[PDB]
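A, B, C, D and E label the chains in the order they appear, each numbered from 1.
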Amino acid sequence: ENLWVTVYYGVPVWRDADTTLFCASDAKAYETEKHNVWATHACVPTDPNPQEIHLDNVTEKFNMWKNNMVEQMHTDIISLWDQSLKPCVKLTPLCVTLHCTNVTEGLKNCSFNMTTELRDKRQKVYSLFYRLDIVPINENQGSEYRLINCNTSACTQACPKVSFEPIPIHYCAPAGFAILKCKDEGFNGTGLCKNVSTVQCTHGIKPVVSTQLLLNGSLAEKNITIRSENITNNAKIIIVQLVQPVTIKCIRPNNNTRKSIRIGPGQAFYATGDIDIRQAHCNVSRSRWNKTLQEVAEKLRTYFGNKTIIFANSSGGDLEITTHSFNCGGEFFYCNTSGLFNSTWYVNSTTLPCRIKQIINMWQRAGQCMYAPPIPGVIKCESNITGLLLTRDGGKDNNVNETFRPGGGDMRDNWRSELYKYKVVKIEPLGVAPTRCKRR
Amino acid sequence: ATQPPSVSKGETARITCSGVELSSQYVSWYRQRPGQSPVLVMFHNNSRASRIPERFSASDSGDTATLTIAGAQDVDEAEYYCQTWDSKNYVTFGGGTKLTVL
Amino acid sequence: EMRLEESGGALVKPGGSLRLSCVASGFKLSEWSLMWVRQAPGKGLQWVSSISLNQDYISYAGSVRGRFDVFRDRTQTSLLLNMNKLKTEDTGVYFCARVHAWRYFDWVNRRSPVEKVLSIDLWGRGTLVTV
Amino acid sequence: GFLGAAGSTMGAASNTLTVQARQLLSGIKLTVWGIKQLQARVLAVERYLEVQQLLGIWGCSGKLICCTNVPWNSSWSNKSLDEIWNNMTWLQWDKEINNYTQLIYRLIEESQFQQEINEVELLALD
Amino acid sequence: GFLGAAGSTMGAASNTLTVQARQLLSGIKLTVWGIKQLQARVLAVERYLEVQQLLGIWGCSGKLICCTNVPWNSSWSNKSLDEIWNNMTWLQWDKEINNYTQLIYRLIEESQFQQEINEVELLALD
């Protein structure tokens, strides 16, 4: 018996990739001008059918951590935000002397001087501000506040038609690249997945938006699920994805409105027009969450052994991070997550109040502040809490009481939430084999 | 956070450091004889005194780190302090005490 | 058995400057942490500061040590304390110790999840520094 | 015929080829997603044109199941054809074979697709 | 084998071919270098694709050293095969031959690769 080099073409061989990835969605209206920050049909509507197929016997090592998609989405999405914002008003005529008054707590009632559409008249103009929009200019004086950015950053108000609303995007692999899906729920993002599949384009990944708790991202099965880079790095992020959904309906109880002023001749700014005044709040009835967490603690113990566990508040660090935070409509919430994370979990026989903000420092960048448009609505939220960005106490605190706090430790990790199932890969069609032959 | 500022011969020393409230991994204490350096006695139960053989321990009241020196009839040796670092990038000490014997 | 050791000092000027560095023995110095104290005269003990293992894992104590500086260098002996604008508050015996830890230092800080363990191992002789 | 299917043993896997070949080439003012599409298409096209370029110098871009008499070097895996087509499998096969392949992806471009007209010299010229 | 090598006489130059073929294809928000790379890769891809199209209609994309029975027109340089392959050299060859080349770069697409199934008609149809 003897042998030659032969090549079969297109045989399935693949490896991890720095490859770029492009959006798809259903067509929301087909027109390029459809109001949206993620995919206003500037993303091409590639086939909304995931024409996926089974990887029968194909065992693959996944890697959720050296994945390319996290950095890619993280860079991409920030760029989407910028190229939705550049078309709308920069707010260089907005850092100014602010006068404020105190009213029924932490929603200040305010007025200031500014240009109009004419570059002459100091128009006196009026707006509400949630207190965390501002700082004192130099001293504790009623006329003397500035917008919280101006200290180090410029701001940009999106047209109220850039809707932050999370329409799904599907990342497609371009041809000669592919997406492998771990086709099991009983799985974590490092080592083998035994059951698997492939698709050209991800099943909808929420563009999500979360800060501390996973919103809108789907559930698991078999058990509650935990994912982390290395669980022995107590500081680095731990993701929980629940086997059960939970739903939160946060509300601005205040009948607050789009007033509008022309801060220059093409520059429509949305001032916050008022109606009693109460703090933003949410309903999530304790006992569903409580016994959900009781089982989360068990999946955590499946690593740690038999510890009584606590979930406790985020604390000390920047409120932009240390509250749980998300959009509803076009305004941003910042909730004292303590009311849902101040809780204790034995081994044996075992609702949030919130603040609104208008200015945000999204993705923790320098510069490029966003002042959110005050929405015309008694704004409401209708959304699923579905998972937890836990951080485990860095205090190794030997073997009695080990514990966690929720964190916003990376918005990359807010994406990892759903990304974990997808391994983006190159296909190499280079099928060398022994056979025998002679040229025709 | 601190221990409070005598014994007769043949008794054994026991002092709590915290100052009405302390918890968690924020636990430590180091001995001295003046003129010599300070001296390791305990860090987290697996780093331990070279010269009190096996005769010293941690313990808690619900609010204390504790110099549980309960077998140290090597008792004339007694001046001590506590230390930790768990605050904002910040080392910390318990202000320590002697105990005379004779 | 191992001995933890530093530079000779001076009867330093008030408002003066000083340097003291590791000259310890019995082990590979091998990034193991700087650690020292203000053993203030007739008092108990107080920190040197927060401290470095490999350089860049150190901080001041509070705002308080901001007038000083701290180093490691490629030369492992330069586990060094640099002293400037010296106060009567700076004074004491600068005894030093090995550290029972080997890691970096950071996270979202203040009271939130930094793991990176710190700890004092065996201890050795130091110089009484006063104005 | 499915895409992927590498756990099909290598001969049975070759009951499929060309549907995977289609997947190599098609998915089956400036703006951010538009520059991403443009870059993506070029990377797929340029990568697709590299393997067609291989199927130039390897031959066989015509006959997409390929012949040469280039030696199977006994320094590579000695696994039997019988194992290969009917029990062993593609990802697993490349993960065995890649340590040899940088030899093969050059030693393949021998005379048959690199020098053979220099031999047609003796066939057609005096 | 090297790249370039035109000063090797044309036959000995053909001891290298396929490595130069690889060099035809790979080197072996807007941002200013980013758009320039994107333009560059497209121009290279299309230019590489222009010579594959030539190797379509000339034939021989399946066999990268090429045959046709198209006339060598004696109006061209009469230089001997012996001179050409064993003393003359590719730049110095094209710089003698370019004046003819545009005729060849059309007359090369004769029936063998332009029409011949119209003649296979006689071979296979009654």
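Just so it is clear, a contact is a pair of C-beta atoms (placed from the backbone, for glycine too) under 8 Å apart; a residue touches a chain by one contact, two chains touch by 3 or more.
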| item | value |
| --- | --- |
| Closest chain to global C-alpha mean, per-chain Cα centroids | A |
| Averaged-CA centre spacing for the pair chain D and chain C, given as whole angstrom | 62 |
| Computed distance of Cα centres, chain E from chain C, in Å | 74 |
| Distance from chain B to chain A - Cα centre to Cα centre, in angstrom | 48 |
| Distance from the mean Cα position of chain C to that of chain B, given in whole angstrom | 22 |
| Touching two or more other chains - residues of chain A | 79, 83, 395-396 |
| For chain C, residues that touch 2 or more chains besides their own | 109-111 |
| Two or more partner chains touched - positions in chain D | 32, 39, 63 |
| Which pairs of chains touch, using the document's own definition | A-B, A-C, A-D, A-E, B-C, D-E |
| Interface residues, chain C side, partner chain B - complex | 4, 37, 39, 44-51, 59-62, 95, 97, 100, 109-111, 118-126 |
| In the complex with chain B, residue positions of chain A that touch it | 395-398 |
| Residues of chain B defined as touching chain A within the complex | 24-25, 44-45, 86 |
| Chain E residues touching chain D - in the complex, by the definition given at the top | 11, 14-15, 17-18, 21-22, 24-26, 29-30, 34, 38, 41-42, 44-45, 48-49, 52, 61-67, 81 |
| Residues of chain A defined as touching chain C within the complex | 233-235, 314-317, 321, 391-396, 405, 407, 409 |
